[PDB]
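Asker: Starting off with a structure, shown below.
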Amino acid sequence: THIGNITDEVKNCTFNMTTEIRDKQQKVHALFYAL
Amino acid sequence: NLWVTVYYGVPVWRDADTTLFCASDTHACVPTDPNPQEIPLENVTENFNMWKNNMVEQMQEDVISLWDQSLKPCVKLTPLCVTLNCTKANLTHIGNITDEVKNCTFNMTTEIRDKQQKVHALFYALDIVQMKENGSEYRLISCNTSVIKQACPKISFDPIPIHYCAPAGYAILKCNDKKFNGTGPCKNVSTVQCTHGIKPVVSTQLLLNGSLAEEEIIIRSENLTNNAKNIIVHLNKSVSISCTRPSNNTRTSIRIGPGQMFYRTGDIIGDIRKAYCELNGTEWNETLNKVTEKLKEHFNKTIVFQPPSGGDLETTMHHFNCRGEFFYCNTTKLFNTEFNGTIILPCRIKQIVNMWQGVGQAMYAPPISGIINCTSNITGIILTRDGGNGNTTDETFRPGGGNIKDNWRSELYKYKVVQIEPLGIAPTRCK
Amino acid sequence: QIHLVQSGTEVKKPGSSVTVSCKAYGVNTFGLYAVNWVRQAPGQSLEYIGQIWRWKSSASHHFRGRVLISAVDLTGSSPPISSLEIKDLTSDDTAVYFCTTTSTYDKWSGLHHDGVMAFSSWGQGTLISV
Amino acid sequence: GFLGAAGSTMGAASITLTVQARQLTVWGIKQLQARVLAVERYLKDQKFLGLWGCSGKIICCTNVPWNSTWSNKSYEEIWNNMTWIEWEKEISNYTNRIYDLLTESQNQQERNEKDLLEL
Amino acid sequence: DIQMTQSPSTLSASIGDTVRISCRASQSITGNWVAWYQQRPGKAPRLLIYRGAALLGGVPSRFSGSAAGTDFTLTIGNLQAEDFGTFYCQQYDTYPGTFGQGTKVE
Ligand SMILES: *[C@@H]1O[C@H](CO)[C@@H](O[C@@H]2O[C@H](CO)[C@@H](O[C@@H]3O[C@H](CO[C@H]4O[C@H](CO[C@H]5O[C@H](CO)[C@@H](O)[C@H](O)[C@@H]5O[C@H]5O[C@H](CO)[C@@H](O)[C@H](O)[C@@H]5O)[C@@H](O)[C@H](O[C@H]5O[C@H](CO)[C@@H](O)[C@H](O)[C@@H]5O[C@H]5O[C@H](CO)[C@@H](O)[C@H](O)[C@@H]5O)[C@@H]4O)[C@@H](O)[C@H](O[C@H]4O[C@H](CO)[C@@H](O)[C@H](O)[C@@H]4O[C@H]4O[C@H](CO)[C@@H](O)[C@H](O)[C@@H]4O[C@H]4O[C@H](CO)[C@@H](O)[C@H](O)[C@@H]4O)[C@@H]3O)[C@H](O)[C@H]2NC(C)=O)[C@H](O)[C@H]1NC(C)=O
Ligand SMILES: *[C@@H]1O[C@H](CO)[C@@H](O[C@@H]2O[C@H](CO)[C@@H](O[C@@H]3O[C@H](CO[C@H]4O[C@H](CO)[C@@H](O)[C@H](O)[C@@H]4O)[C@@H](O)[C@H](O[C@H]4O[C@H](CO)[C@@H](O)[C@H](O)[C@@H]4O)[C@@H]3O)[C@H](O)[C@H]2NC(C)=O)[C@H](O)[C@H]1NC(C)=O
Ligand SMILES: *[C@@H]1O[C@H](CO)[C@@H](O[C@@H]2O[C@H](CO)[C@@H](O[C@@H]3O[C@H](CO)[C@@H](O)[C@H](O)[C@@H]3O)[C@H](O)[C@H]2NC(C)=O)[C@H](O)[C@H]1NC(C)=O
Ligand SMILES: *[C@@H]1O[C@H](CO)[C@@H](O[C@@H]2O[C@H](CO)[C@@H](O)[C@H](O)[C@H]2NC(C)=O)[C@H](O)[C@H]1NC(C)=O
Ligand SMILES: *[C@@H]1O[C@H](CO)[C@@H](O[C@@H]2O[C@H](CO)[C@@H](O)[C@H](O)[C@H]2NC(C)=O)[C@H](O)[C@H]1NC(C)=O
Ligand SMILES: *[C@@H]1O[C@H](CO)[C@@H](O[C@@H]2O[C@H](CO)[C@@H](O)[C@H](O)[C@H]2NC(C)=O)[C@H](O)[C@H]1NC(C)=O
Ligand SMILES: *[C@@H]1O[C@H](CO)[C@@H](O[C@@H]2O[C@H](CO)[C@@H](O)[C@H](O)[C@H]2NC(C)=O)[C@H](O)[C@H]1NC(C)=O
Ligand SMILES: *[C@@H]1O[C@H](CO)[C@@H](O[C@@H]2O[C@H](CO)[C@@H](O)[C@H](O)[C@H]2NC(C)=O)[C@H](O)[C@H]1NC(C)=O
Ligand SMILES: *[C@@H]1O[C@H](CO)[C@@H](O[C@@H]2O[C@H](CO)[C@@H](O)[C@H](O)[C@H]2NC(C)=O)[C@H](O)[C@H]1NC(C)=O
Ligand SMILES: *[C@@H]1O[C@H](CO)[C@@H](O[C@@H]2O[C@H](CO)[C@@H](O)[C@H](O)[C@H]2NC(C)=O)[C@H](O)[C@H]1NC(C)=O
Ligand SMILES: *[C@@H]1O[C@H](CO)[C@@H](O[C@@H]2O[C@H](CO)[C@@H](O)[C@H](O)[C@H]2NC(C)=O)[C@H](O)[C@H]1NC(C)=O
Ligand SMILES: *[C@@H]1O[C@H](CO)[C@@H](O)[C@H](O)[C@H]1NC(C)=O
Ligand SMILES: *[C@@H]1O[C@H](CO)[C@@H](O)[C@H](O)[C@H]1NC(C)=O
Ligand SMILES: *[C@@H]1O[C@H](CO)[C@@H](O)[C@H](O)[C@H]1NC(C)=O
Ligand SMILES: *[C@@H]1O[C@H](CO)[C@@H](O)[C@H](O)[C@H]1NC(C)=O
Ligand SMILES: *[C@@H]1O[C@H](CO)[C@@H](O)[C@H](O)[C@H]1NC(C)=O
Ligand SMILES: *[C@@H]1O[C@H](CO)[C@@H](O)[C@H](O)[C@H]1NC(C)=O
Ligand SMILES: *[C@@H]1O[C@H](CO)[C@@H](O)[C@H](O)[C@H]1NC(C)=O
Ligand SMILES: *[C@@H]1O[C@H](CO)[C@@H](O)[C@H](O)[C@H]1NC(C)=O
Ligand SMILES: *[C@@H]1O[C@H](CO)[C@@H](O)[C@H](O)[C@H]1NC(C)=O
Ligand SMILES: *[C@@H]1O[C@H](CO)[C@@H](O)[C@H](O)[C@H]1NC(C)=O
Ligand SMILES: *[C@@H]1O[C@H](CO)[C@@H](O)[C@H](O)[C@H]1NC(C)=O
């Protein structure tokens with residue numbers, strides 16, 4: 001909100017990922033295509 | 001009444017860049033010991049330019065390739081990027097290195113993935129960083145840049161002489177002019193198949209274990225009027241310098257995987273005193289006087305020496321290697337303008353080193369057990385002029401490093417590679 | 001690049017001597033470059049005066065004993081420079097004097113033939129009126 | 001020795017060309033490349049020599065007359081004053097022409113010999 | 001010793017034309033030791049051709065040259081405004097070097 005739009009093809013995904021230190025994980029997000 | 005005659009074997013050469021064989025006694029060079037045969041050339045004047053010589057580039061590539069190939073088949077230290085709980089060391093069982101070592105306790109993986117071992121190590125303060133201010137958490141310096149491979153236990157860090165022998169159809173010309181400064185004509189030329197023993201010694205501010213000038217101190221620079229170009233000062237009388245670590249480290253091993261062993265410092269049992277370099281003050285005074293007199297021939301101003309600036313541990317400290325430990329030595333006392341005896345220069349040891357500025361990632365040097373002591377010869381210096389570009393009465397020179405090629409231009413400056421064209425056409429009265 | 005700069009216009013009287021300088025920005029050394037001094041009378045063609053080559057000084061037959069040519073290399077505060085001196089001036093020496101520099105590093109260059117040379121780089125030239 | 005008498009005149013240099021002519025386990029990729037290139041250069045030189053009927057010779061005489069436009073200097077000046085490098089630089093613009101004429105002369109010689117043997 | 005002469009002392013042409021300039025030497029130069037220079041009024045001459053038919057770096061491809069014994073030729077195709085001025089011809093076979101009397105392109 002901030003021929004056709006891509007709101008039905010892009011999904012907002014939150015997950016955990018490894019940092020450069022193995023003991024801590026970071027919660028991040030990315031926009032992925034549904035395919 | 002003249003006819004064309006064809007000659008094979010004519011002595012004509014042209015400048016050329018080729019791949020030279022490596023000889024010493026994917027990438028390797030292990031032929032037999034060379035037996036140089038020097039053939040002087042009479043009435044031959046040849047132009048030389050040490051700053052446009054491909055031999056330096058080839059040597060750089062060869063050294064990079066050898067160092068990278070040596071480190072390929074041994075331990076990767078990727079489990080070491082963990083949160084280290086580091087506190088003050090207990091070396092009392094005031095010292096001198098108690099402010100440079102930290103006792104770090106941390107967790108590691110083991111043979112089996114589902115259990116972990118709580119172990120400890122003694123890390124030099126330059127190899128670790130603090131995550132949160134005033135806290136007790138520390139991280140390895142390289143964990144945000146690259147993965148580190150431990151030096152293979154069997155790697156010898158002692159340099160071996162390397163000769164560069166040209167293939168068939170090529171020759172190496174050597175300039176025997178004793179007052180040669182790198183660029184210009186040479187009236188005493190010899191031809192060889194390959195060079196003398198060139199040792200790949202890595203150093204920053206002082207050139208070590210190299211050849212000496214035959215007659216006088218030589219000053220080389222690509223462009224003297226440019227302040228960004230370093231000055232190589234080649235001496236004719238070497239200065240002996242000794243460097244020692246008295247701490248008597250203890251090497252202990254942790255099995256961090258299926259056949260992967262990590263060697264670290266366990267305790268400092270004996271002497272507690274900083275590693276240091278001993279030098280003779282009178283000899284250094286004489287050498288500095290000679291260098292000043294020689295440099296006054298080019299710059300007409302008063303010449304003074306000042307310590308390096310910038311604050312970084314590299315490009316300010318004199319970096320070298322002794323038996324496998326990497327020494328960073330403070331030379332502020334050495335270049336400052338007392339000198340009436342023995343000069344003691346403080347030094348510090350680093351374990352996580354990056355010799356080639358990120359080309360070979362990073363390497364962890366395992367500790368060496370015992371009192372360590374090396375002796376070397378200073379044969380040249382690298383200097384940099386402060387480009388004030390003002391109305392001053394003094395020129396200030398500072399010790400300065402730079403590209404490692406400068407350590408190899410100081411010994412390959414008198415060599416040129418040429419390609420032989422053996423076909424000739426002449427008019428002779430032969431039909 | 002290579003830029004050669006010379007001294008300005010000079011007006012003298014017969015019987016005196018003159019000196020013209022030539023600073024060579026971009027020339028690493030005169031051991032690999034050759035300096036040639038050339039004359040051009042107003043409305044006429046060019047005339048060779050002299051040469052500094054491999055730190056050897058030479059002058060043509062018409063100028064022997066009257067012209068002295070010197071040169072010094074890169075020093076640290078100034079580029080390499082060359083100097084042309086005329087001992088005895090006369091009314092026929094009024095002309096534009098040019099400083100030229102030619103590379104000699106490659107023996108197969110084609111810009112030089114055993115000392116006698118072409119002129120790749122030229123200076124703006126000075127004017128001497130007697 | 002090898003490349004000795006490079007500063008000597010061509011008269012003295014042509015006496016001992018054979019001294020220079022004679023000199024003309026994971027190894028590593030660069031060593032293989034260097035060896036192959038050396039073999040190729042030797043074979044190219046041998047191909048040029050054999051195209052003119054001088055396959056196994058050091059001094060070989062031909063039937064191509066010397067054109068004065070290639071070089072108009074005296075015999076004594078050539079063989080008693082200059083060196084080999086200076087001479088090769090002087091006539092560098094006519095080498096391809098001379099090579100082509102040598103090849104054509106050898107071809108004509110072979111064809112004429114075949115025709116004569118037919119007779 | 002070698003004295004060189006240029007025939008077309010005065011020459012005129014228009015933009016887009018092609019011009020030829022000829023040098024004759026008193027002796028044959030078998031080594032093609034001839035150079036061609038260009039000079040505009042109030043400026044130092046610029047070297048354009050060396051070794052008879054070789055171009056310097058940055059010289060436009062329009063200029064060309066040919067050498068044959070005593071006859072040397074400079075050819076300028078698609079003549080532009082910046083190409084006018086005095087063209088000079090030099091030899092460097094026999095010491096000392098000697099220049100021609102120059103040809104003016106108007
Ligand atoms: C690296 O390394 C290298 C090597 O190692 C190096 O190199 C180096 O360099 C340097 C430089 O830097 C150099 O030096 C230089 O040199 C030069 C050259 O010289 C030469 O020549 C000359 C001339 O000659 C001529 O003349 C004469 C007369 O007499 C005669 O004789 C001759 O023969 C000739 O003649 C010819 O020619 C002419 C023309 O020219 C004609 O005319 C005729 O005819 C004929 O043809 C000469 O002289 C010289 O000589 C000398 O040397 C010798 C040697 O051996 C001797 O023997 C002799 O004796 C002499 O000596 C003298 O001098 C010296 C000097 O030093 C002294 O020491 C002594 O003692 C004596 O005195 C030669 O041969 C030159 O030129 C130069 O000079 C300059 O400088 C100096 C310095 O010190 C001075 O002193 C002088 O004076 C001069 O100065 C001038 O100039 C400048 C520049 O421009 C200026 O700036 C100044 O200012 C001045 O000016 C002035 O003066 C003038 C006059 O002169 C006048 O004019 C003006 O005005 C002003 O006043 C120098 O010397 C060297 O050599 C080299 N080396 C070698 C080995 O070579 C490098 O550098 C390095 N690198 C780096 C980077 O570092
Ligand atoms: C400039 O050049 C100098 C001179 O070459 C270098 O200094 C030498 O460096 C080498 C290598 O670091 C030193 O050699 C080492 O010496 C150690 C101590 O020697 C003791 O033990 C031997 C055992 O026989 C005794 O003979 C000796 O008297 C001492 O009591 C040895 O422990 C080392 O052994 C290692 O190498 C051998 C090689 O065969 C292996 O087999 C071993 O397993 C072990 O890994 C080694 O021999 C030498 O002592 C130094 N000399 C001096 C005078 O200091 C500088 O390093 C160099 N500067 C540079 C490179 O910057
Ligand atoms: C060695 O370093 C010196 C100093 O950095 C270089 O000198 C510089 O040379 C350039 C061109 O060669 C000069 O630029 C030109 O200056 C003239 C002066 O009239 C100007 O007219 C031009 O438009 C152009 O700007 C520059 O001034 C000069 N600087 C100094 C301080 O001398 C030299 O070129 C270097 N030589 C080599 C071989 O690297
Ligand atoms: C890092 O290590 C220190 C010391 O081993 C730990 O601090 C100790 O914590 C216990 C329990 O909280 C106390 O009883 C001790 O008195 C503490 N020692 C000191 C010297 O203060 C600390 O908890 C460890 N931190 C982490 C994150 O493991
Ligand atoms: C580094 O820290 C470890 C543990 O934090 C020290 O090991 C302890 O040393 C004390 C010394 O009196 C012993 O009482 C403990 O039993 C040891 N614990 C373990 C698990 O070994 C170690 O001595 C410290 N090293 C230094 C140099 O201070
Ligand atoms: C990896 O971390 C080091 C610090 O551990 C970073 O180095 C610091 O970089 C900042 C950037 O402004 C400087 O202000 C500090 O002075 C640097 N400290 C040291 C000890 O060098 C380094 O930049 C990090 N690397 C990357 C790629 O982010
Ligand atoms: C090393 O080179 C220096 C030159 O920098 C030599 O010192 C000069 O020696 C000559 C010999 O006659 C003296 O005339 C000079 O006055 C000396 N200059 C200085 C600054 O001392 C020195 O002799 C050379 N050493 C060796 C062993 O050859
Ligand atoms: C290298 O050593 C020099 C002197 O041994 C240090 O410079 C001195 O630092 C003290 C601070 O404790 C100042 O009071 C002095 O004025 C400094 N002297 C000079 C000549 O600058 C320098 O800090 C040391 N460098 C490192 C990286 O340890
Ligand atoms: C270190 O070198 C300096 C510079 O040469 C010496 O200072 C000289 O000392 C002598 C006395 O023997 C004076 O005559 C000179 O005038 C001094 N030089 C200057 C520039 O003033 C100093 O004596 C040397 N120190 C040692 C221990 O050898
Ligand atoms: C490194 O070792 C060498 C040789 O063992 C030391 O040099 C000599 O050491 C002996 C002691 O065994 C002394 O008696 C000699 O006087 C020393 N020679 C010199 C010229 O000093 C050297 O001192 C050691 N390195 C350090 C920094 O002490
Ligand atoms: C004679 O041969 C030389 C080369 O041996 C020719 O010079 C070359 O000319 C081309 C054309 O511009 C340049 O690209 C090359 O760089 C030149 N070579 C050298 C070494 O300078 C020259 O043109 C020939 N002369 C004639 C009349 O054909
Ligand atoms: C995206 O398209 C849909 C169509 O189903 C529409 O309902 C929605 O308002 C559109 N969103 C926009 C234009 O931001
Ligand atoms: C991410 O890590 C946090 C702990 O930092 C944990 O609570 C959370 O469940 C994790 N999320 C996923 C998707 O694994
Ligand atoms: C250091 O260890 C000794 C015994 O090994 C012990 O007596 C002493 O209290 C310890 N000191 C510190 C500061 O840990
Ligand atoms: C270290 O490992 C032990 C057991 O493996 C665990 O109890 C402890 O919480 C770990 N500490 C850290 C800081 O990961
Ligand atoms: C040339 O250099 C060699 C180097 O061994 C020397 O023996 C010889 O005397 C030198 N000759 C001259 C003329 O300088
Ligand atoms: C150095 O430490 C080792 C390890 O305990 C010891 O055997 C040796 O005696 C020590 N050397 C000294 C204290 O000089
Ligand atoms: C530590 O060792 C150095 C050796 O260079 C010495 O100069 C310094 O005085 C020593 N410090 C103490 C406190 O003993
Ligand atoms: C320094 O060198 C001088 C001169 O060779 C010598 O007399 C002195 O004993 C040396 N001192 C040291 C500590 O090596
Ligand atoms: C240092 O120099 C001395 C004297 O020149 C020599 O005997 C010694 O072998 C040199 N050291 C090295 C490592 O080259
Ligand atoms: C060099 O020239 C001299 C002339 O004096 C001559 O005697 C000598 O033989 C020449 N050198 C060679 C290798 O022929
Ligand atoms: C030299 O070659 C030219 C090429 O045009 C030819 O005209 C001339 O006849 C030749 N001269 C001799 C002597 O072969």
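In the structure tokens, chains take letters A, B, ... by order of appearance, with residues numbered from 1 within each chain and ligands from 1 in the order shown.
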I want to know what sits within 7 Å of residue 31 in chain A, based on only C-alpha atoms, with residues of the same chain fewer than 5 positions away left out; could you give that as a PyMOL selection string?

Answerer: chain A and resi 10-13

Asker: Let me see the file: selected residues, N, CA, C and O atoms, as an mmCIF file, in the first residue's frame.

Answerer:
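Dumped everything to out.cif:
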```cif
data_model
loop_
_atom_site.group_PDB
_atom_site.id
_atom_site.type_symbol
_atom_site.label_atom_id
_atom_site.label_comp_id
_atom_site.auth_asym_id
_atom_site.auth_seq_id
_atom_site.Cartn_x
_atom_site.Cartn_y
_atom_site.Cartn_z
ATOM 1 N N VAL A 10 3.866 -11.781 -4.859
ATOM 2 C CA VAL A 10 4.943 -11.510 -3.916
ATOM 3 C C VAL A 10 4.435 -11.811 -2.516
ATOM 4 O O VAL A 10 3.346 -11.365 -2.137
ATOM 5 N N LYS A 11 5.217 -12.569 -1.752
ATOM 6 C CA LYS A 11 4.876 -12.942 -0.390
ATOM 7 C C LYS A 11 5.974 -12.484 0.557
ATOM 8 O O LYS A 11 7.166 -12.584 0.239
ATOM 9 N N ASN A 12 5.561 -11.976 1.719
ATOM 10 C CA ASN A 12 6.470 -11.450 2.732
ATOM 11 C C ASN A 12 6.774 -12.570 3.717
ATOM 12 O O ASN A 12 5.890 -13.000 4.464
ATOM 13 N N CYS A 13 8.014 -13.049 3.715
ATOM 14 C CA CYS A 13 8.408 -14.217 4.486
ATOM 15 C C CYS A 13 9.400 -13.819 5.566
ATOM 16 O O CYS A 13 10.427 -13.201 5.275
#
```

Asker: I need the chain C residues near chain D as an NGL selection string; criterion: at most 12 Å, counting only C-alpha atoms.

Answerer: :C and (106-114)

Asker: Provide the atom 3 (C, counted along the ligand's line) of ligand 17 to CA of residue 275 in chain B distance in Å, to one decimal place.

Answerer: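 CA of residue 275 in chain B lies 17.4 Å from atom 3 (C, counted along the ligand's line) of ligand 17.
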
Asker: Could you list, as a list in words, all protein and nucleic acid residues with an atom at most 9 Å from ligand 20, counting only C-alpha atoms and all ligand atoms?

Answerer: residues 208, 209, 210, 211, 212, 237, 238, 239, 240, 375, 376, 377, 378 and 379 of chain B

Asker: Give as a VMD selection string the residues surrounding ligand 18 up to a distance of 7 Å, considering only C-alpha atoms and all ligand atoms.

Answerer: chain B and resid 95 to 96 273 to 276 344 to 346

Asker: Quick one: distance from CA of residue 170 in chain B to CA of residue 60 in chain D in Å, one decimal?

Answerer: 24.2 Å

Asker: If we count only C-alpha atoms and set the cut-off at 8 Å, which residues sit around residue 68 in chain E, ignoring sequence neighbours fewer than 2 positions away in its own chain? Please answer as a list in words.

Answerer: residues 30, 32, 66, 70, 71 and 72 of chain E

Asker: Could you list the protein, DNA and RNA residues that have any atom within 10 Å of ligand 12, counting only C-alpha atoms and all ligand atoms, and write them as a ChimeraX atom specification?

Answerer: /A:1-8

Asker: Since we have the selection now, will you write its residues out, keeping N, CA, C and O atoms, as a short mmCIF file (atom, residue, chain, number, x, y, z; two decimals), in the first residue's frame?

Answerer:
```cif
data_model
loop_
_atom_site.label_atom_id
_atom_site.label_comp_id
_atom_site.auth_asym_id
_atom_site.auth_seq_id
_atom_site.Cartn_x
_atom_site.Cartn_y
_atom_site.Cartn_z
N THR A 1 0.82 -1.20 0.00
CA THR A 1 0.00 0.00 0.00
C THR A 1 0.86 1.26 0.00
O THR A 1 0.52 2.25 -0.66
N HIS A 2 1.97 1.24 0.73
CA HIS A 2 2.86 2.39 0.78
C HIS A 2 3.55 2.61 -0.56
O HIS A 2 3.89 3.73 -0.92
N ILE A 3 -1.17 -6.34 -17.59
CA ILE A 3 -2.00 -5.33 -16.95
C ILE A 3 -2.55 -5.88 -15.64
O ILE A 3 -3.49 -6.67 -15.62
N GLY A 4 -1.94 -5.46 -14.54
CA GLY A 4 -2.31 -5.94 -13.22
C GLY A 4 -1.15 -5.82 -12.27
O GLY A 4 0.01 -5.74 -12.68
N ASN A 5 -1.47 -5.83 -10.99
CA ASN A 5 -0.47 -5.61 -9.95
C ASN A 5 0.07 -6.94 -9.43
O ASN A 5 -0.49 -8.01 -9.66
N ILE A 6 1.19 -6.85 -8.72
CA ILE A 6 1.95 -8.03 -8.31
C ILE A 6 1.67 -8.40 -6.85
O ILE A 6 2.46 -9.11 -6.23
N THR A 7 0.55 -7.94 -6.28
CA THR A 7 0.25 -8.27 -4.90
C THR A 7 -0.09 -9.74 -4.70
O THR A 7 0.02 -10.24 -3.58
N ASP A 8 -0.48 -10.44 -5.76
CA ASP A 8 -0.81 -11.85 -5.66
C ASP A 8 0.36 -12.76 -5.99
O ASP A 8 0.21 -13.99 -5.96
#
```

Asker: Can you tell me which residues surround residue 19 in chain D at a distance of at most 9 Å, considering only C-alpha atoms, apart from same-chain residues fewer than 6 positions away, and format the answer as a PyMOL selection string?

Answerer: (chain B and resi 9) or (chain D and resi 1-4)

Asker: Can you write out as a Markdown table which residues of chain D fall within 9 Å of chain E, alongside each residue's closest atom pair and its distance in Å to one decimal, counting only C-alpha atoms and ordering rows by chain and ascending residue number?

Answerer:
```
| residue | atom | partner | partner_atom | distance |
| --- | --- | --- | --- | --- |
| D:68 | CA | E:30 | CA | 8.6 |
| D:69 | CA | E:30 | CA | 6.1 |
| D:70 | CA | E:30 | CA | 6.2 |
| D:71 | CA | E:30 | CA | 5.6 |
| D:72 | CA | E:30 | CA | 7.1 |
| D:89 | CA | E:31 | CA | 8.5 |
| D:90 | CA | E:31 | CA | 5.4 |
| D:91 | CA | E:31 | CA | 6.4 |
| D:92 | CA | E:31 | CA | 8.2 |
| D:93 | CA | E:31 | CA | 7.8 |
```

Asker: At a cut-off of 7 Å and counting only C-alpha atoms and all ligand atoms, what residues surround ligand 10? Please answer as a PyMOL selection string.

Answerer: chain B and resi 242-244+277-278+373-375

Asker: Go ahead and dump the residues you just picked, N, CA and C atoms, as a short mmCIF file (atom, residue, chain, number, x, y, z; two decimals), in the first residue's frame.

Answerer:
```
data_model
loop_
_atom_site.label_atom_id
_atom_site.label_comp_id
_atom_site.auth_asym_id
_atom_site.auth_seq_id
_atom_site.Cartn_x
_atom_site.Cartn_y
_atom_site.Cartn_z
N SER B 242 68.55 -8.90 16.17
CA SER B 242 68.04 -10.11 16.78
C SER B 242 66.65 -9.84 17.35
N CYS B 243 65.80 -10.87 17.35
CA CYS B 243 64.44 -10.70 17.83
C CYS B 243 63.99 -11.96 18.54
N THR B 244 63.46 -11.80 19.76
CA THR B 244 63.18 -12.95 20.60
C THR B 244 61.84 -12.80 21.32
N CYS B 277 63.30 -6.78 20.03
CA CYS B 277 64.39 -6.85 19.07
C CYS B 277 65.57 -6.03 19.57
N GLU B 278 66.75 -6.65 19.58
CA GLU B 278 68.00 -6.00 19.94
C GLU B 278 68.75 -5.59 18.68
N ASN B 373 64.03 -17.21 19.12
CA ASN B 373 65.07 -16.21 18.92
C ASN B 373 65.61 -16.35 17.50
N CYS B 374 65.46 -15.30 16.70
CA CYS B 374 65.96 -15.26 15.33
C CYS B 374 66.96 -14.12 15.19
N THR B 375 67.87 -14.26 14.22
CA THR B 375 68.84 -13.23 13.89
C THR B 375 68.79 -12.98 12.39
#
```

Asker: Can you tell me, as a PyMOL selection string, what residues are no more than 10 Å from residue 232 in chain B when counting only C-alpha atoms, ignoring any on the same chain fewer than 3 positions away?

Answerer: chain B and resi 206-207+218-222+229+235+380-384+406-407+409-410

Asker: Taking only C-alpha atoms into account, what are the residues of chain D at most 6 Å from chain B, put as a list in words?

Answerer: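 Taking only C-alpha atoms into account, residues 3, 4, 6, 7, 17, 20, 21, 24, 28, 29, 58, 59, 60, 61, 62, 63, 64, 65, 66 and 85 of chain D sit within 6 Å of chain B.
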
Asker: Take the residues that were just selected and, keeping C-alpha atoms, output them as an mmCIF file, in the first residue's frame.

Answerer:
```
data_model
loop_
_atom_site.group_PDB
_atom_site.id
_atom_site.type_symbol
_atom_site.label_atom_id
_atom_site.label_comp_id
_atom_site.auth_asym_id
_atom_site.auth_seq_id
_atom_site.Cartn_x
_atom_site.Cartn_y
_atom_site.Cartn_z
ATOM 1 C CA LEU D 3 75.046 -14.216 -27.750
ATOM 2 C CA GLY D 4 78.742 -13.448 -27.613
ATOM 3 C CA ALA D 6 76.666 -9.360 -30.361
ATOM 4 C CA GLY D 7 78.566 -6.067 -30.432
ATOM 5 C CA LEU D 17 76.982 -18.990 -35.603
ATOM 6 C CA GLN D 20 74.381 -19.739 -30.702
ATOM 7 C CA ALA D 21 72.506 -22.215 -32.913
ATOM 8 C CA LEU D 24 68.455 -22.696 -29.502
ATOM 9 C CA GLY D 28 52.762 -27.557 -13.538
ATOM 10 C CA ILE D 29 50.645 -26.035 -16.278
ATOM 11 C CA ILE D 58 73.464 -22.547 -40.988
ATOM 12 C CA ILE D 59 74.723 -20.531 -43.975
ATOM 13 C CA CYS D 60 72.620 -21.080 -47.097
ATOM 14 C CA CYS D 61 73.090 -19.426 -50.487
ATOM 15 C CA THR D 62 70.132 -18.605 -52.734
ATOM 16 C CA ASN D 63 69.431 -17.493 -56.305
ATOM 17 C CA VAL D 64 67.585 -14.236 -55.512
ATOM 18 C CA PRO D 65 69.633 -11.206 -56.623
ATOM 19 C CA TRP D 66 69.964 -8.393 -54.109
ATOM 20 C CA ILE D 85 71.088 -5.602 -34.842
#
```

Asker: Which neighbours of residue 46 in chain E fall inside 8 Å, counting only C-alpha atoms, when residues of the same chain fewer than 4 positions from it are skipped, and could you give them as a list in words?

Answerer: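 Contacts, with the query itself left out: residues 120, 121 and 122 of chain C; 37, 38 and 39 of chain E.
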